[PDB]
Every structure is written in structure tokens, then in C-alpha cells.
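Notes follow the structure.
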There are 2 protein chains.
Amino acid sequence: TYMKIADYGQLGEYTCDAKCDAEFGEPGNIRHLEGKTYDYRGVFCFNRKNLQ
Amino acid sequence: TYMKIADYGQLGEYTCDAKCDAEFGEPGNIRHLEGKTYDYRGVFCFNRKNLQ
């Protein structure tokens, strides 16, 4: 699994320089998603004399 | 709290010089009384830029 961080939020605002506070901003998402892995296999035979 | 010695009693009497005893006298009061203390407070604010 791995992280995917979606989109940074909009944090700052350019407020007026009189208020004693900021204003909340939008958040960001991270979307911890996963993914699997497959396998590849097969066989093959032989005689023993017919290979010597 | 503190003491408040009220009034010394009248102890001696100038009795005659024959009796084999004294004579009781008035007692004194001490009046352990108390008193509290007050407090003084207030506030004031500022901006930060407008003070720099």
C-alpha cells in the first residue's frame, strides 16, 4: 500500500490587519490506497535417457 | 489574625496585715480577632503591528 495525497488545501487568505484571528481553510486528503502483485508460473517435463 | 489585649484587671487590694490570704480580683480579656486583605486587578490589550 502507499500514500496518494490528493490535493493541498487552501490555507491562507490575505485578511485585514485589524482582526485578532485567522479564518479556517479547506483541508487536504491523502487517500491511503493499495495494490497487489500477480504471479507467473508453468512447468515442463523430460525423459532421462532421451535427454542424455 | 492578632491579639487585642483589652484591659488589665485590678489584681491587688492593700488588705490588712493579719489575714492569711489574698482576695480575688477582676480578670483581663484578650479578644483574639481577625481581619482579611483585598486584591486589586485589571487588564489591558494591544495589537501587535500597531505596537511595533
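A note on labels: chains of the C-alpha cells are A, B, ... as shown, every chain counts residues from 1, and ligands are counted from 1 in their shown order.
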Give the superposed chain A as a short mmCIF file (atom, residue, chain, number, x, y, z; two decimals) with N, CA and C atoms, in the first residue's frame, the fit being least squares on chain B over all ordered C-alpha pairs.
```cif
data_model
loop_
_atom_site.label_atom_id
_atom_site.label_comp_id
_atom_site.auth_asym_id
_atom_site.auth_seq_id
_atom_site.Cartn_x
_atom_site.Cartn_y
_atom_site.Cartn_z
N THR A 1 -4.80 37.01 61.76
CA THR A 1 -5.45 37.32 63.04
C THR A 1 -4.39 37.83 64.01
N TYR A 2 -4.85 38.41 65.12
CA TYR A 2 -3.93 39.02 66.07
C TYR A 2 -4.62 39.23 67.41
N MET A 3 -3.82 39.49 68.44
CA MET A 3 -4.33 39.73 69.78
C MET A 3 -4.69 41.20 69.96
N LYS A 4 -5.47 41.48 71.01
CA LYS A 4 -6.07 42.79 71.18
C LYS A 4 -6.16 43.22 72.65
N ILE A 5 -5.32 42.70 73.54
CA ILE A 5 -5.66 42.54 74.95
C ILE A 5 -6.44 43.74 75.48
N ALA A 6 -7.62 43.47 76.02
CA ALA A 6 -8.62 44.51 76.24
C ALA A 6 -8.22 45.47 77.35
N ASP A 7 -8.10 44.95 78.57
CA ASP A 7 -7.83 45.79 79.72
C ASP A 7 -7.34 44.92 80.87
N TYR A 8 -6.17 45.26 81.39
CA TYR A 8 -5.64 44.56 82.55
C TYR A 8 -6.63 44.65 83.70
N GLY A 9 -6.74 43.57 84.46
CA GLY A 9 -7.63 43.56 85.60
C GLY A 9 -7.03 44.27 86.79
N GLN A 10 -7.85 44.44 87.82
CA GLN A 10 -7.40 45.00 89.09
C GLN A 10 -7.07 43.84 90.01
N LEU A 11 -5.78 43.62 90.26
CA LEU A 11 -5.34 42.41 90.96
C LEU A 11 -5.17 42.64 92.47
N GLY A 12 -4.28 43.56 92.86
CA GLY A 12 -3.99 43.75 94.26
C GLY A 12 -5.01 44.61 94.97
N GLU A 13 -4.92 44.65 96.31
CA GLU A 13 -5.97 45.32 97.06
C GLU A 13 -5.54 46.17 98.25
N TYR A 14 -4.31 46.08 98.76
CA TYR A 14 -3.97 46.70 100.04
C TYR A 14 -4.85 46.16 101.18
N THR A 15 -4.64 44.89 101.49
CA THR A 15 -5.38 44.26 102.57
C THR A 15 -4.75 44.57 103.92
N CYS A 16 -5.44 44.19 104.99
CA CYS A 16 -4.85 44.28 106.32
C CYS A 16 -3.81 43.18 106.50
N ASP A 17 -2.80 43.47 107.30
CA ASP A 17 -1.69 42.54 107.51
C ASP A 17 -1.93 41.65 108.73
N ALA A 18 -3.08 41.01 108.73
CA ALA A 18 -3.35 39.92 109.67
C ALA A 18 -3.89 38.68 108.98
N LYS A 19 -4.72 38.85 107.95
CA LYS A 19 -5.33 37.70 107.29
C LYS A 19 -4.29 36.88 106.55
N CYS A 20 -4.47 35.56 106.56
CA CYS A 20 -3.58 34.66 105.83
C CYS A 20 -4.12 34.34 104.44
N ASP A 21 -4.49 35.36 103.67
CA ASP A 21 -5.04 35.14 102.34
C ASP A 21 -5.20 36.47 101.63
N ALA A 22 -5.27 36.40 100.30
CA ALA A 22 -5.57 37.55 99.47
C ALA A 22 -7.07 37.57 99.17
N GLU A 23 -7.48 38.44 98.25
CA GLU A 23 -8.85 38.45 97.76
C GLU A 23 -8.82 38.53 96.24
N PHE A 24 -9.68 37.75 95.60
CA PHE A 24 -9.65 37.63 94.15
C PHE A 24 -9.91 38.97 93.49
N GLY A 25 -9.39 39.13 92.27
CA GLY A 25 -9.52 40.36 91.53
C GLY A 25 -10.14 40.11 90.16
N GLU A 26 -10.49 41.21 89.51
CA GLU A 26 -11.12 41.12 88.20
C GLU A 26 -10.12 40.61 87.16
N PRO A 27 -10.61 39.89 86.16
CA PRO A 27 -9.73 39.35 85.12
C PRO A 27 -9.57 40.30 83.94
N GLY A 28 -8.70 39.90 83.01
CA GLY A 28 -8.44 40.66 81.80
C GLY A 28 -8.82 39.86 80.56
N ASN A 29 -9.19 40.57 79.50
CA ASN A 29 -9.63 39.97 78.25
C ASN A 29 -8.61 40.24 77.15
N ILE A 30 -8.64 39.39 76.12
CA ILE A 30 -7.58 39.42 75.12
C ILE A 30 -8.14 39.58 73.71
N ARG A 31 -9.34 39.06 73.46
CA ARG A 31 -10.08 39.32 72.23
C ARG A 31 -9.24 39.01 70.98
N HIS A 32 -9.01 37.71 70.76
CA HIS A 32 -8.34 37.29 69.53
C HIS A 32 -9.25 37.51 68.33
N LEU A 33 -9.04 38.59 67.59
CA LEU A 33 -9.85 38.92 66.43
C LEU A 33 -9.00 38.91 65.17
N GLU A 34 -9.66 38.91 64.01
CA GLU A 34 -8.97 38.76 62.74
C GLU A 34 -9.35 39.89 61.79
N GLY A 35 -8.78 39.83 60.59
CA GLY A 35 -9.05 40.78 59.53
C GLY A 35 -8.46 40.28 58.22
N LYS A 36 -9.11 40.58 57.10
CA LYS A 36 -8.72 40.02 55.82
C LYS A 36 -8.01 41.07 54.97
N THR A 37 -7.64 40.67 53.76
CA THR A 37 -6.95 41.53 52.81
C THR A 37 -7.57 41.38 51.43
N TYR A 38 -7.68 42.50 50.72
CA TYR A 38 -8.34 42.56 49.43
C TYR A 38 -7.32 42.49 48.30
N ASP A 39 -7.83 42.48 47.07
CA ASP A 39 -6.98 42.38 45.89
C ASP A 39 -7.40 43.40 44.85
N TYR A 40 -6.43 43.77 44.02
CA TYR A 40 -6.56 44.83 43.02
C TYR A 40 -6.07 44.27 41.70
N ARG A 41 -6.91 44.30 40.67
CA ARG A 41 -6.49 43.70 39.41
C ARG A 41 -7.27 44.29 38.25
N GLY A 42 -6.69 44.12 37.06
CA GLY A 42 -7.26 44.64 35.83
C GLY A 42 -6.39 44.20 34.68
N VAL A 43 -6.86 44.47 33.47
CA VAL A 43 -6.18 44.03 32.26
C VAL A 43 -6.18 45.15 31.23
N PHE A 44 -5.41 44.94 30.16
CA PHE A 44 -5.36 45.83 29.01
C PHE A 44 -4.72 45.08 27.86
N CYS A 45 -5.23 45.29 26.66
CA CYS A 45 -4.80 44.55 25.49
C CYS A 45 -4.01 45.45 24.55
N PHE A 46 -3.54 44.86 23.46
CA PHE A 46 -2.83 45.57 22.41
C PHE A 46 -2.93 44.78 21.12
N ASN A 47 -2.74 45.47 20.01
CA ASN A 47 -2.43 44.78 18.77
C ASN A 47 -0.94 44.43 18.81
N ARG A 48 -0.41 43.85 17.74
CA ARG A 48 1.01 43.55 17.72
C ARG A 48 1.76 44.41 16.71
N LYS A 49 1.25 44.51 15.48
CA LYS A 49 1.82 45.47 14.54
C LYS A 49 1.65 46.88 15.06
N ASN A 50 0.42 47.26 15.42
CA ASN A 50 0.14 48.60 15.90
C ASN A 50 0.96 48.99 17.12
N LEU A 51 1.71 48.05 17.70
CA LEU A 51 2.64 48.35 18.77
C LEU A 51 4.09 48.31 18.33
N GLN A 52 4.42 47.58 17.26
CA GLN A 52 5.78 47.57 16.74
C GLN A 52 6.15 48.94 16.18
#
```
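Considering only chain A, backbone DSSP assigns strand (DSSP E or B) to residues 2, 7, 29 and 33 of chain A.
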